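Everything below concerns the one structure shown next.
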Amino acid sequence: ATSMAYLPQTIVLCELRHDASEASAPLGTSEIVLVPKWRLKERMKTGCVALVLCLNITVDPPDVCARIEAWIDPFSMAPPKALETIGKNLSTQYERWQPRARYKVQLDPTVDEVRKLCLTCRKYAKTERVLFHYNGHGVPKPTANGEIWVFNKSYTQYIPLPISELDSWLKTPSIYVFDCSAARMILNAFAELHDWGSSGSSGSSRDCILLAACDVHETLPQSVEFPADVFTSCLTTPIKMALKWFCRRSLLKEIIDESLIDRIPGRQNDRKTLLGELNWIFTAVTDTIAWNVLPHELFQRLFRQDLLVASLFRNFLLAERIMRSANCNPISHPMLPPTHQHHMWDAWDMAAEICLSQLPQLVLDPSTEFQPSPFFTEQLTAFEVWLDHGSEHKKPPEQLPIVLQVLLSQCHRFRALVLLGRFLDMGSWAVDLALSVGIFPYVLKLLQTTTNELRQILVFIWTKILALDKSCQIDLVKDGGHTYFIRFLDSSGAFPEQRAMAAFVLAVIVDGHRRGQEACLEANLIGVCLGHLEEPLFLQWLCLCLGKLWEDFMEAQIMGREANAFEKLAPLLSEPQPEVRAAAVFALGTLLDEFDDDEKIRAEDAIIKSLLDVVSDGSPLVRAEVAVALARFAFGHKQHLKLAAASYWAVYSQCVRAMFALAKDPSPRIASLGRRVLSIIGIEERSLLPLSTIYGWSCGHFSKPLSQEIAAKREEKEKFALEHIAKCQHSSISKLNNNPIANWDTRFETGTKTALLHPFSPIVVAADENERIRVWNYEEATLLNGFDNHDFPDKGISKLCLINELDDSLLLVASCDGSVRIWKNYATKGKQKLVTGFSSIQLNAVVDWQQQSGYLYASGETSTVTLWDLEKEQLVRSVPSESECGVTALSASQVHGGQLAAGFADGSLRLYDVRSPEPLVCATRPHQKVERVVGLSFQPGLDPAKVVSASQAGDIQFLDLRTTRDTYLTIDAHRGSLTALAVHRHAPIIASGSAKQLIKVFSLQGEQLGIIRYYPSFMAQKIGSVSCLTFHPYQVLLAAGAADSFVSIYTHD
Amino acid sequence: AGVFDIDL
């Protein structure tokens, strides 16, 4: 209906730069600094490996059939050749996991031989880790006194080598493997070697890692289905062992030729061969179990630090499973939870059965009709299922380590990257989880992939990573990763939201990082960016990128000048979006740093001038940035600016104006910046300069993913309003109930000056002459809040208005000097934040708010009416009034956007249509005394007719300006000294106040509806400023206040 | 930097 004029859908000042309770982020405050946890720089290497092998062949030790070792029958070759070959095999078996490390073998040794072995390994691999592999199968079991058994020369005795002396020979960075019976006994000895303390875990201290085959009481298996070398052959030859175990147990065994496992085609590297793909799946399966089972710190040490420890501890989870089946329970020193029977070995068992059945026919002919296992595809689907349902901080997604494994092969690279990005998007926690798995270096190497299929996803992944951790700068620049995103800025690949991310990724790459600046400078990032300057987030981030590039880097600054950067940036200072403008100010701001002119003085004068044009900006966000650029400039020109400040107390006098202007700004955070800039000049070493915040605030956009009750309370109020509009109109309004429903003591010593009834709640707002703001409830007879609108000494209240009545009202408070302050949560007991503050008019300021258009009209004792668009926070228009005397009163129409009424000091009246090339519509006298118009308003209706024109002379004059100049109707409110007027929004009713104590309500046709007399509380006889008369918007409730100290409320029974 | 190989 037409009553959609009465209900404006325009919301204003409810954007992220106007943020509320927890976040003082909006601006002023610096960005939230982080402290990372995933950081262990030391990529450790196992440099030396000592294989000690204690087996007399056909001489069992007296603690006693199966006897295979390193996949050799030691009886088949005779003792000395057998023991050589097993030494050679076991070496190459280990060597496949760590090919760049030295391997030294020791067969049936003396204690003296082991001493030199260990001393030599430690001397070879100084800080690097040393591996000790012991095999005590042909010697007695380790003691409870902490002993290993070796030989003497002649092989007549078993000689006890104590663990103490081993651990003296090898030191700190070392790792042990004990493939013997009763192997725990060694680990218990190790635990007691050193003094307890030196840690905050179960029982640790050094960097001594220990893998052992079985428990204290336990003995290694004896059945022929296992070898003797079970633990070793799990740890060192996992696939061969896993399958051979699988045949002999699960499928029952006699169907499948077991020796096909030895003849599996391909090599362990090729993921496209059947062997290497089975080895891939194993790593993927094993690594996944470890990640879901262990905590961040322990997993990273064992599974991410050393290529060989990662292999050994991966392959240890197979031992955890197999040994178990043969009455053995192995233990590592960093102990790790139970790993067998995890829902994931199930997936291995499946993949191995599908492999082993296939193997029979691939041997019949090398057909290479090897179907890649579904495993990977199957698991990425279970990651998608997780990403929909339960996708919270509701325990990790489990498939995550497998998503990493897929990034390593083109086979399913795009969907993996897509799903990873989908996962990173849900928050910082998910970025923290991904980086913990170890996604960083793989995603970093993918910045050499030319495939355009990827890049759009890769920019997004990197956006999310760099939104969390800024420090990846160093790694990105070192690999030339910066070029990947510069390409993306200059690409033909569409979508400018992707390009903003590119510009953000580069801005972070550059941020306080001269290696990155210089790299991007050579890569022509000034040219790339400035090419695009001819969407708002993209513009915002081009400036932030450019600004960060030249910041404190004079080569780039020179390049920016001689690429006319000022000429391209400056036009963004007019843009409607505050975010853009503020970013534009930043960019020009960071370009900075008698009678002489060289190149730069032409630029830096032209820059600072263009910044000073935006000192008066409506957004504090902008003003903050302008003050920082002024601070920077002020640093460089202290010589000149002090001399300019001497005479004030070419361009420098303009700066001093702006500094003192900033110091008296309504937003106190801006004010304090102005006070800072002043103090840099010496009015009352770089570290004193304030720092820009526009970059830090904007970055939060990316660390944030890329509802219904919003409409609920909207329609609540609209239904209430539409109904009460019709009732206001259609009910035949009776006389005033002179018995007031409240007579509230403000405790304003001088009295109440302006007041405001709330539409959708039972609330009053009142204002002192010093701009204290109270929020009185009339239905509870209580105070909801108390304020001080600003601490400045020169006070003065002009106006109170609600902004966004239909959805969480903000309280506008206009001051007589033209300052405007808008407060959220003004009804709360003392949690009431200043949302925005700016100086309209650039006195006796008068103001009015038009929700329909988003326009704030402001003027006073000035030639002009000033127009503010609060969606933009800009000074949209300066309309000359064409009066040559002051605007005393000012009413914007609720219905018709743009259209404005204005009363004047000489009693005159003017319409404006502020959206017209010539704004003044008509100019009329009506009432003819030559006294100021104390109040006016458009009539309650849907036309441009006008109650208007209460003159201070006392006559209220009605006029319909479509048809005639002279008056509809005159009503004589008061013989002189009319001090206020109130015109209802919808109901056909008005009211007027006198300095002679008196208040008179009238009908719109002119009838008297009720006299009231505000009596004085003592005999000052000064009820002479009956200033606040105001109606409830949707009800017939009056509210009256005066030069005494009471706010009385009335109604019509 | 990583434990596992990558194909490109």
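Residue numbers (our numbering), protein chains in the order written: chain A, 1 to 1053; chain B, 1 to 8.
We treat Cβ as the ideally placed atom computed from N, Cα and C, and that holds for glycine.
When the cut-off is 9 Å and only beta carbons count, does residue 98(A) lie next to chain B? no
Return no unless some Cβ of chain B is closer than 9 Å to the Cβ of residue 664(A). no
Could you compute how far the alpha carbon of residue 120(A) sits from the alpha carbon of residue 526(A)? 57 Å
Drop a sphere of 10 angstroms on the beta-carbon of residue 702(A), count the other beta-carbons inside from all chains shown, and report buried for 16 or more, exposed for fewer. buried
Name the two residues that bound the continuous alpha helix (DSSP H) containing residue 841(A). Premise fails: residue 841(A) is in no alpha helix (DSSP H) and is neither H nor E.
What residues are listed by DSSP as bridge partners for residue 46(A)? 129(A)
Which residue or residues does DSSP assign as beta-bridge partners of residue 756(A)? 765(A)
C-beta atoms of residue 591(A) and residue 623(A) nearer than 9 Å: no
With 16 other CB atoms within 10 Å as the buried threshold, where does residue 747(A) fall? exposed
Using a 10 Å radius around the Cβ and a threshold of 16 neighbouring Cβ atoms, would you call residue 648(A) buried or exposed? exposed
Residue ranges of each alpha helix (DSSP H) within the region 184-255 of chain A, 4 or longer: 184-191, 230-236, 238-249
Count the other CB atoms, across all protein chains shown, that sit within 10 Å of the CB of residue 144(A); report buried if there are 16 or more and exposed otherwise. exposed
Taking just the CA atoms, how far does residue 426(A) sit from residue 705(A)? 6 Å
Interface flag, residue 445(A) vs chain B, CB-CB below 9 Å: yes
Where residue 147(A) falls: helix, strand or coil (DSSP): strand
Could you spell out where the alpha helix (DSSP H) holding residue 543(A) opens and where it closes? 536-550
Listed by chain order, chain B residues near residue 606(A) by CB distance under 8 Å: Within chain B, no residue comes near residue 606(A); the closest Cβ sits about 48 Å away, beyond 8 Å.
Please list the partners that residue 448(A) has in chain D, where partner means a Cβ-to-Cβ separation under 8 Å. Absence of chain D from the displayed structure is noted, the protein chains being A and B.
DSSP on residue 64(A), reduced to helix/strand/coil? coil
Which of the three DSSP states is assigned to residue 891(A) in this structure? strand
Residue-chain proximity (residue 409(A), chain B), Cβ-Cβ < 9 Å: yes
Unbroken alpha helix (DSSP H) run spanning residue 699(A), endpoints: 694-699
Where are the beta strand (DSSP E) runs, 3 residues long or more, that stay fully inside the region 298-351 of chain A, in chain order? none
Per-residue DSSP class, three states only, for residue 935(A): strand
Kindly indicate which three-state DSSP category residue 904(A) falls into: helix, strand or coil? strand
Neighbourhood of residue 158(A) by C-beta, 6 Å cutoff - its chain only, sequence neighbours within 5 removed: 139, 140, 149
Mapping the DSSP letters down to three states, classify residue 38(A) as helix, strand or coil. coil
Is the Cβ-Cβ distance between residue 406(A) and residue 435(A) less than 9 Å? no
CB contact flag (residue 416(A), residue 375(A), <9 Å): no
Alpha carbon to alpha carbon, how far is residue 414(A) from residue 453(A)? 7 Å
I'd like to check one pair, residue 833(A) with residue 808(A): are the Cβ atoms closer than 9 Å? no
Does residue 283(A) have its Cβ less than 9 Å from a Cβ in chain B? yes
Taking only beta-carbon atoms, is residue 43(A) less than 9 Å away from chain B? yes
Start and end residues, alpha helix (DSSP H) containing residue 739(A): Taken as a continuous stretch (DSSP letters only), residue 739(A) belongs to no alpha helix (DSSP H), being part of the beta strand (DSSP E) at 737-745.
Taking its Cβ as the centre, do 16 or more other Cβ atoms sit within 10 Å of residue 474(A), making it buried, or is it exposed? exposed
Can you tell me the Cβ-Cβ gap for residue 7(A) and residue 722(A), rounded? I've got them flagged as a contact below 8 Å. 7 Å
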